[PDB]
>>> print(open('data-v4.txt').read())   # compact mmCIF, C-alpha atoms and all ligand atoms
# COMPACT_ATOMS: atom_id res chain seq x y z
CA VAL A 3 118.34 224.47 61.77
CA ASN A 4 121.01 223.89 64.49
CA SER A 5 124.86 223.54 64.82
CA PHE A 6 125.00 219.74 65.43
CA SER A 7 127.04 218.02 62.65
CA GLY A 8 127.74 214.40 61.58
CA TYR A 9 124.79 212.78 63.45
CA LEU A 10 122.82 209.80 62.13
CA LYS A 11 119.04 210.40 62.40
CA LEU A 12 117.29 207.55 64.27
CA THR A 13 113.79 209.06 64.55
CA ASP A 14 111.89 212.32 64.06
CA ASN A 15 113.61 213.72 67.20
CA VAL A 16 116.60 211.49 68.16
CA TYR A 17 120.06 211.72 66.59
CA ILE A 18 123.28 209.78 67.43
CA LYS A 19 127.03 210.21 66.84
CA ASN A 20 130.31 208.50 67.90
CA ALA A 21 131.81 211.40 69.84
CA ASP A 22 133.37 212.49 73.11
CA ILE A 23 130.58 214.57 74.75
CA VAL A 24 133.25 216.87 76.24
CA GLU A 25 134.72 217.67 72.76
CA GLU A 26 131.23 217.94 71.27
CA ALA A 27 130.09 220.40 73.98
CA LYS A 28 133.27 222.49 73.54
CA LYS A 29 132.59 222.71 69.74
CA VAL A 30 128.78 223.28 69.72
CA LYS A 31 128.25 225.21 73.04
CA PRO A 32 124.72 223.80 73.17
CA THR A 33 122.00 225.46 75.25
CA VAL A 34 121.86 222.21 77.34
CA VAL A 35 124.43 219.46 77.95
CA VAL A 36 123.19 216.53 80.04
CA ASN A 37 125.41 215.09 82.77
CA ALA A 38 125.19 211.44 83.90
CA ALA A 39 124.93 212.53 87.52
CA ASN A 40 124.48 210.71 90.83
CA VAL A 41 122.21 211.94 93.64
CA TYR A 42 125.16 213.55 95.50
CA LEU A 43 126.44 215.35 92.35
CA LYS A 44 129.85 213.76 93.06
CA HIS A 45 131.40 213.94 89.58
CA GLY A 46 134.17 211.34 90.03
CA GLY A 47 134.18 209.23 86.88
CA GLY A 48 132.44 208.31 83.69
CA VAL A 49 130.78 211.14 81.79
CA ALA A 50 130.44 213.23 85.00
CA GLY A 51 134.13 213.00 85.86
CA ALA A 52 135.04 213.97 82.29
CA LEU A 53 132.62 216.94 82.14
CA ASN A 54 133.75 218.17 85.55
CA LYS A 55 137.48 217.86 84.61
CA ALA A 56 136.79 219.94 81.46
CA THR A 57 135.37 222.74 83.73
CA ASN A 58 138.56 222.70 85.88
CA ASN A 59 136.40 221.46 88.84
CA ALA A 60 134.05 224.50 88.69
CA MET A 61 131.12 222.07 88.09
CA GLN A 62 132.00 220.24 91.36
CA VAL A 63 132.32 223.50 93.34
CA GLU A 64 128.89 224.67 92.10
CA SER A 65 127.41 221.20 92.75
CA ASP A 66 128.69 221.07 96.33
CA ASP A 67 126.96 224.38 97.09
CA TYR A 68 123.72 223.03 95.44
CA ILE A 69 123.77 219.90 97.65
CA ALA A 70 124.61 221.86 100.81
CA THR A 71 121.47 223.98 100.17
CA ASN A 72 119.01 221.43 98.71
CA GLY A 73 120.16 217.96 99.71
CA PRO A 74 120.53 215.04 97.30
CA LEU A 75 118.57 214.53 94.08
CA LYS A 76 116.17 211.60 93.61
CA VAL A 77 117.10 208.65 91.38
CA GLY A 78 115.18 209.56 88.19
CA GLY A 79 115.40 213.29 89.00
CA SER A 80 117.43 216.24 87.79
CA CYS A 81 118.55 219.79 88.40
CA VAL A 82 119.62 222.60 86.09
CA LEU A 83 123.00 224.21 86.90
CA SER A 84 125.54 226.19 84.93
CA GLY A 85 127.12 224.74 81.80
CA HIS A 86 130.36 226.57 82.62
CA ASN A 87 132.66 226.60 79.55
CA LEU A 88 130.78 223.69 77.91
CA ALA A 89 127.16 224.87 77.41
CA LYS A 90 124.73 227.51 78.65
CA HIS A 91 123.21 225.03 81.13
CA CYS A 92 123.99 221.55 82.44
CA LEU A 93 121.01 219.32 83.13
CA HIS A 94 122.27 216.89 85.79
CA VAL A 95 120.11 213.76 85.39
CA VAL A 96 120.27 210.73 87.71
CA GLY A 97 119.65 207.47 85.93
CA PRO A 98 119.49 204.30 88.04
CA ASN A 99 122.89 202.74 88.77
CA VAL A 100 122.58 198.94 88.30
CA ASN A 101 125.95 198.51 90.19
CA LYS A 102 124.04 199.99 93.29
CA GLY A 103 120.89 197.79 92.67
CA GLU A 104 118.50 200.67 91.59
CA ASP A 105 115.19 199.95 89.74
CA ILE A 106 115.79 200.08 85.94
CA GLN A 107 112.09 201.23 85.55
CA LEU A 108 113.45 204.56 86.90
CA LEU A 109 115.30 205.01 83.57
CA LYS A 110 112.07 206.21 81.90
CA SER A 111 111.53 208.79 84.70
CA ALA A 112 115.16 209.96 84.19
CA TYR A 113 114.64 210.50 80.44
CA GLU A 114 111.36 212.39 81.08
CA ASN A 115 113.51 215.28 82.41
CA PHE A 116 114.77 215.84 78.85
CA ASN A 117 111.23 216.83 77.75
CA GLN A 118 111.59 220.14 79.70
CA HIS A 119 114.24 221.28 77.17
CA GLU A 120 113.68 221.83 73.42
CA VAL A 121 117.19 220.68 72.35
CA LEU A 122 119.88 218.75 74.31
CA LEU A 123 123.30 217.17 73.87
CA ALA A 124 123.29 214.01 76.03
CA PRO A 125 124.87 210.67 76.83
CA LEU A 126 122.89 207.46 77.10
CA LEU A 127 121.52 207.44 80.66
CA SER A 128 122.53 204.58 82.94
CA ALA A 129 125.14 203.35 80.37
CA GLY A 130 128.87 202.99 81.03
CA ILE A 131 129.78 202.71 84.72
CA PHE A 132 126.05 202.91 85.70
CA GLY A 133 125.78 199.29 84.51
CA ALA A 134 122.65 199.26 82.30
CA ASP A 135 122.46 197.78 78.79
CA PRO A 136 123.05 200.75 76.41
CA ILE A 137 120.74 199.15 73.78
CA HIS A 138 117.95 199.29 76.37
CA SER A 139 118.87 202.89 77.29
CA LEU A 140 118.58 203.95 73.63
CA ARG A 141 115.16 202.24 73.30
CA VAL A 142 113.85 204.04 76.44
CA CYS A 143 115.27 207.32 75.13
CA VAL A 144 113.48 206.98 71.77
CA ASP A 145 110.22 205.91 73.43
CA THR A 146 110.30 208.68 76.13
CA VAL A 147 112.01 211.84 74.85
CA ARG A 148 109.86 213.97 72.52
CA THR A 149 112.24 216.97 72.33
CA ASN A 150 115.28 217.00 70.07
CA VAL A 151 118.13 214.98 71.55
CA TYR A 152 121.65 214.61 70.13
CA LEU A 153 123.26 211.53 71.70
CA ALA A 154 127.08 211.29 71.97
CA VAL A 155 128.44 207.75 72.30
CA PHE A 156 132.17 207.67 73.27
CA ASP A 157 132.88 204.04 72.34
CA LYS A 158 133.05 203.42 68.52
CA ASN A 159 132.39 199.71 68.95
CA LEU A 160 129.24 200.44 71.00
CA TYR A 161 128.10 203.18 68.58
CA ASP A 162 128.21 200.70 65.67
CA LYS A 163 126.33 198.08 67.69
CA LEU A 164 123.62 200.64 68.74
CA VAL A 165 123.04 201.69 65.10
CA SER A 166 123.14 198.15 63.62
CA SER A 167 120.68 196.79 66.25
CA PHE A 168 118.26 199.79 66.22
CA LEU A 169 114.66 198.91 65.41
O1 LIG B 201 128.15 197.31 78.02
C1 LIG B 201 127.32 196.62 77.56
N1 LIG B 201 127.29 196.32 76.15
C2 LIG B 201 128.32 196.85 75.26
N2 LIG B 201 128.47 196.63 73.98
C3 LIG B 201 129.50 197.20 73.37
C4 LIG B 201 130.33 197.97 74.17
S1 LIG B 201 129.63 197.84 75.72
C5 LIG B 201 126.29 196.04 78.50
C6 LIG B 201 126.20 196.48 79.81
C7 LIG B 201 125.26 195.92 80.65
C8 LIG B 201 124.42 194.91 80.19
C9 LIG B 201 124.53 194.47 78.88
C10 LIG B 201 125.47 195.03 78.04
>>> encode(input="data-v4.txt", output="structure tokens")
Amino acid sequence: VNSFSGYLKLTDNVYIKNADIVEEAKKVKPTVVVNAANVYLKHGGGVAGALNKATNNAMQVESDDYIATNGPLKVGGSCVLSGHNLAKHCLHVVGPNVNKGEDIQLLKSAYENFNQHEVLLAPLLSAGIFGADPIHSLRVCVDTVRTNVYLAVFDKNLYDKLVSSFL
């Protein structure tokens, strides 16, 4: 049993809810919250900007030190950093950004990072300002992630379309 409430069950291991991932993280304090990161861990907008704002910029300060030591992530890659006030850990995952011309086949590689964690609160990778089709992102998620993933979808209209169209 876990703390996640109000989710619709899509599969054995994937759950979905219309929710603000920031507000959900603050309520649940999950072991792992996933960030929709870029390779520079520059948390300007979208899910990343919202998560970072909720940490009062502490996520960005920690991220800048990580990049200064390690250099940029790979598209499709990830790193584990603090969850600050939102979670124990933040898994920063880089999905391909269609608005930069990145290979959408890298979306499966991105979701494979989730399999290193038994339970996660996450957004749909490469959705929103990363430009991918969220219906496609949900299909890759279901077909790639084997661990237990609780997906937060900010937009109510999109949430209803994802559920209604789910095969
Ligand atoms: O945003 C999209 N679909 C949405 N439906 C409801 C709210 S947003 C999208 C983005 C890229 C390619 C195809 C579709």
>>> closest_residue(input="data-v4.txt", among="A:89, A:10, A:41, A:16", to="residue 68 of chain A", atoms="all atoms listed in the file")
A:41
>>> residues_near_ligand(input="data-v4.txt", ligand="ligand LIG 201 (chain B)", cutoff="10 Å", atoms="all atoms listed in the file", output="PyMOL selection string")
chain A and resi 100-101+128-138+156-164
>>> residues_around(input="data-v4.txt", residues="residue 147 of chain A", least_positions_apart="3", cutoff="7 Å", atoms="all atoms listed in the file", output="PyMOL selection string")
chain A and resi 113-114+116-117+143-144
>>> closest_residue(input="data-v4.txt", among="A:8, A:83, A:88, A:43", to="residue 69 of chain A", atoms="only C-alpha atoms")
A:43
>>> axis_aligned_box(input="data-v4.txt", around="segment 22-35 of chain A", padding_each_side="6 Å", output="lines of an AutoDock Vina configuration file")
center_x = 128.3
center_y = 219.0
center_z = 73.8
size_x = 24.9
size_y = 25.0
size_z = 20.2
>>> atom_distance(input="data-v4.txt", atom1="atom CA of residue 29 of chain A", atom2="atom CA of residue 15 of chain A")
21.2 Å
>>> closest_residue(input="data-v4.txt", among="A:30, A:24, A:36, A:108", to="residue 4 of chain A", atoms="all atoms listed in the file")
A:30
>>> atom_distance(input="data-v4.txt", atom1="atom CA of residue 166 of chain A", atom2="atom CA of residue 97 of chain A")
24.4 Å
>>> closest_residue(input="data-v4.txt", among="A:86, A:49, A:111, A:32", to="residue 63 of chain A", atoms="only C-alpha atoms")
A:86
>>> atom_distance(input="data-v4.txt", atom1="atom CA of residue 115 of chain A", atom2="atom CA of residue 80 of chain A")
6.7 Å
>>> closest_residue(input="data-v4.txt", among="A:60, A:169, A:96, A:151", to="residue 17 of chain A", atoms="all atoms listed in the file")
A:151
>>> closest_residue(input="data-v4.txt", among="A:38, A:140, A:75, A:18", to="residue 92 of chain A", atoms="only C-alpha atoms")
A:38
>>> residues_near_point(input="data-v4.txt", point="(128.9, 217.5, 76.5)", cutoff="10 Å", atoms="all atoms listed in the file", output="PyMOL selection string")
chain A and resi 21-32+34-37+49-50+52-53+56+85+88-89+92+122-125+153-154
>>> write_last_selection(input="data-v4.txt", atoms="C-alpha atoms", output="compact mmCIF listing (two decimals), keeping the file's coordinate frame")
# COMPACT_ATOMS: atom_id res chain seq x y z
CA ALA A 21 131.81 211.40 69.84
CA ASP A 22 133.37 212.49 73.11
CA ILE A 23 130.58 214.57 74.75
CA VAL A 24 133.25 216.87 76.24
CA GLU A 25 134.72 217.67 72.76
CA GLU A 26 131.23 217.94 71.27
CA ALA A 27 130.09 220.40 73.98
CA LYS A 28 133.27 222.49 73.54
CA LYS A 29 132.59 222.71 69.74
CA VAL A 30 128.78 223.28 69.72
CA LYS A 31 128.25 225.21 73.04
CA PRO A 32 124.72 223.80 73.17
CA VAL A 34 121.86 222.21 77.34
CA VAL A 35 124.43 219.46 77.95
CA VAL A 36 123.19 216.53 80.04
CA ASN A 37 125.41 215.09 82.77
CA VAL A 49 130.78 211.14 81.79
CA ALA A 50 130.44 213.23 85.00
CA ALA A 52 135.04 213.97 82.29
CA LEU A 53 132.62 216.94 82.14
CA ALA A 56 136.79 219.94 81.46
CA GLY A 85 127.12 224.74 81.80
CA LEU A 88 130.78 223.69 77.91
CA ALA A 89 127.16 224.87 77.41
CA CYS A 92 123.99 221.55 82.44
CA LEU A 122 119.88 218.75 74.31
CA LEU A 123 123.30 217.17 73.87
CA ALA A 124 123.29 214.01 76.03
CA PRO A 125 124.87 210.67 76.83
CA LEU A 153 123.26 211.53 71.70
CA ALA A 154 127.08 211.29 71.97
